[PDB]
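A short worksheet on the structure shown next.
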Amino acid sequence: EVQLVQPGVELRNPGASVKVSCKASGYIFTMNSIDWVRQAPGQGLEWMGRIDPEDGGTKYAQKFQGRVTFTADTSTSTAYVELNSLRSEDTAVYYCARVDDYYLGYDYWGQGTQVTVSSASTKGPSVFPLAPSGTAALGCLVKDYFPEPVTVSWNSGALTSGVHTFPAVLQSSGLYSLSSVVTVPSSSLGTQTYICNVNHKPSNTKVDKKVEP
Amino acid sequence: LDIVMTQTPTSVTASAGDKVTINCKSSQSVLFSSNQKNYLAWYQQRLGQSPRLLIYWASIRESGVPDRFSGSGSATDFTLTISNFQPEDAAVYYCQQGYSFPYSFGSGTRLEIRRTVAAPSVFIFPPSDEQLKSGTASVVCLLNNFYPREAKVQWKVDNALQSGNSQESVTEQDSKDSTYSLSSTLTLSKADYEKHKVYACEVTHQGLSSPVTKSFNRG
């Protein structure tokens with residue numbers, strides 16, 4: 001239907017400035033104001049401010065006034081958030097939500113754009129199969145990567161039932177490691193082909209590992 | 001001013017079918033005198049997902065939202081009510097005001113679910129030949145669809161208990177069956193892995209009468 005497409009993630013060093021974007025597929029601009037809500041890890045939602053795309057009318061919650069800026073371009077139907085003097089505190093998920101004019105907000109929301117404030121270098125992952133040996137379990141090991149996240153899909157997204165993509169863990173190396181599994185019937189092992197698609201946009205890595213018995 | 005949203009309780013646990021109630025109180029009236037409309041909205045957030053609007057105008061249901069979800073209350077006291085609480089309804093619930101600037105959300109309220117004790121289906125995976133190439137060996141242990149969350153895993157290399165070389169991660173509760181899944185990974189240098197034959201994973205859960213053990217021989 002209507003889609004508020006934001007990027008998946010950006011990593012900046014401390015003091016550098018980011019620009020969270022939000023493409024509004026739709027539906028269509030305008031006559032739908034836009035606001036920015038942020039979600040720090042495990043903590044609730046925090047209201048940052050609004051925008052009138054009609055003609056860039058803005059409001060900021062005191063605590064965001066001075067460090068944030070919301071721009072909007074009527075041409076590409078894209079709205080922005082520019083946070084300055086980035087601190088490790090600013091590490092959160094930045095939401096682009098569409099404000100309905102009566103009953104306030106937020107019928108359609110955006111995917112989230114995790115922002116990581118870190119001095120560390122990008123690193124692509126290493127994809128290894130987890131081989132099966134009347135329900136068998138097979139998987140993928142997405143080892144040694146930075147930063148989070150990685151998107152793991154099975155059979156180009158066609159396989160969804162019983163898929164378990166585990167929460168990533170921090171190794172002693174400071175690199176994340178993840179594992180994605182799927183329970184399948186033992187009968188389909190000879191018939192069906194199982195291939196995990198692994199994506200890591202920060203390092204521009206795209207792997208398709210075929211899991212064999 | 002600056003309205004404040006207060007959610008009660010902070011967390012809830014209920015059986016499949018029982019009636020669930022979440023209360024939200026605002027420091028100032030969010031009802032607009034002339035249109036006699038309460039500026040209150042309820043949202044359902046799940047892990048790794050954007051919040052989802054359920055109730056708006058304090059009592060109006062959104063298109064495609066189950067009938068079980070119901071909005072009520074007026075002026076300051078508002079209540080989200082799930083009647084036939086289902087496994088899908090295990091998520092975080094937030095109340096949001098729209099009456100004045102800045103906009104305010106609630107602290108959130110975690111709803112949970114109770115289920116029959118489910119034993120884990122245990123699986124063991126040896127390291128791949130390509131992972132070996134580069135002097136590392138990671139051994140994965142799978143604890144598929146189990147309840148409660150509480151469980152014990154023990155690595156036994158050549159029947160000798162391992163300590164300080166493993167790491168585990170647990171999934172959130174399932175939307176369909178309401179179970180958990182656990183992954184423990186034993187990481188050794190190629191030289192240490194090449195030293196031993198047997199690799200065992202010992203699982204202790206209340207759904208299991210005796211500790212289940214899955215093992216393998218290197219080559």
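What the table below lists for this structure:
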read-out: Long-range HN-HN contacts of A:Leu138 with modeled amide H, under 5 Å; value: A:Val182, A:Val184
read-out: Straight-distance crosslink candidates among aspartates and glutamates, where the alpha carbon sits under 18 Å from B:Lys25 and sequence neighbours closer than 8 are dropped; value: A:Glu46, B:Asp2, B:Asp77
read-out: Residue with peak Gaussian network fluctuation, chain B [Cα springs, cutoff 10 Å], from B:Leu53, B:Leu182, B:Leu132; value: B:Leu132
read-out: For region A:40-45, 3J(HN,Hα) per residue [Karplus equation, 6.51 cos²θ - 1.76 cosθ + 1.60, θ = phi - 60°, Hz, x = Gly/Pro]; value: 6, x, x, 8, x, 7
read-out: For region A:98-161 versus region A:175-213, the gap between their alpha-carbon centres in whole angstrom; value: 13 Å
read-out: Region A:95-176 shape via C-alpha gyration tensor axes, a/c threshold 1.5; value: oblate
read-out: Averaged over B:86-96, number of beta-carbon atoms from partner chains that fall within 10 Å; value: 1
read-out: Computed FRET value (nearest 0.05) for B:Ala75 with B:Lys190, which takes r as the C-beta separation and R₀ as 51 Å; value: 0.15
read-out: Summed residue charge, Cβ within 14 Å of A:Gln171's Cβ, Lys/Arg positive, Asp/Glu negative; value: -1
read-out: Ranked A:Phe70, B:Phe216, A:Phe29, criterion: other C-beta atoms within 10 Å, fewest first; value: B:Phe216, A:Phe29, A:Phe70
read-out: Inter-label distance for A:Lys19 and B:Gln206, nm, one decimal - labels placed 7 Å from Cα along Cα-to-Cβ; value: 5.5 nm
read-out: Region B:100-120-region B:151-181 distance, computed between alpha-carbon centres (Å); value: 25 Å
read-out: Residues whose placed amide H lies under 5 Å from that of B:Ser27, excluding near-sequence neighbours; value: B:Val4
read-out: Per-residue average of Cβ from other chains inside 10 Å of B:99-111; value: 4
read-out: Per-residue mean of C-beta atoms belonging to partner chains within 10 Å, peptide A:181-191; value: 1
read-out: Rounded FRET efficiency, nearest 0.05, which uses the C-beta distance separating B:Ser107 from B:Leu132 and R0 of 41 Å; value: 0.25
read-out: At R0 = 35 Å, FRET efficiency that the Cβ-Cβ distance of A:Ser188 and A:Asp144 yields, to 0.05; value: 0.65
read-out: Zone residues, region B:65-79, relative to A:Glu1, backbone N less than 20 Å from point 7 Å out along Cα-to-Cβ; value: B:65-71
read-out: For B:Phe105, net neighbour charge (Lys/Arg +1, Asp/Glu -1) across residues whose Cβ lies under 15 Å away; value: +3
read-out: Environment charge of A:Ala61, counting only residues whose C-beta is closer than 13 Å and scoring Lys/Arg +1, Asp/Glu -1; value: +2
read-out: Per-residue HN-Hα couplings for region A:110-120 [Karplus 6.51, -1.76, 1.60; θ = phi - 60°; Hz; x = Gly/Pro]; value: x, 5, x, 9, 3, 10, 10, 9, 8, 7, 4
read-out: Rounded to the nearest 20 debye, dipole of the protein assembly as shown from Cβ charges on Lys, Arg, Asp, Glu; value: 800 debye
read-out: Residue pairs, from the table A:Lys123/B:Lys197; A:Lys206/B:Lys190; A:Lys143/B:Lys190; A:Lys63/B:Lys37; A:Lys201/B:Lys176, whose Cα atoms sit over 24 Å apart; value: A:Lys123/B:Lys197; A:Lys206/B:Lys190; A:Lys63/B:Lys37; A:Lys201/B:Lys176
read-out: Label-to-label distance, nm, for residues given as A:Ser203 and B:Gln49 (7 Å Cα→Cβ offset); value: 3.0 nm
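Neighbour counts run over all protein chains shown; Cβ positions are idealised from the backbone, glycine included. Bear in mind these aren't lab numbers, they're just calculated from the coordinates by the rules spelled out.
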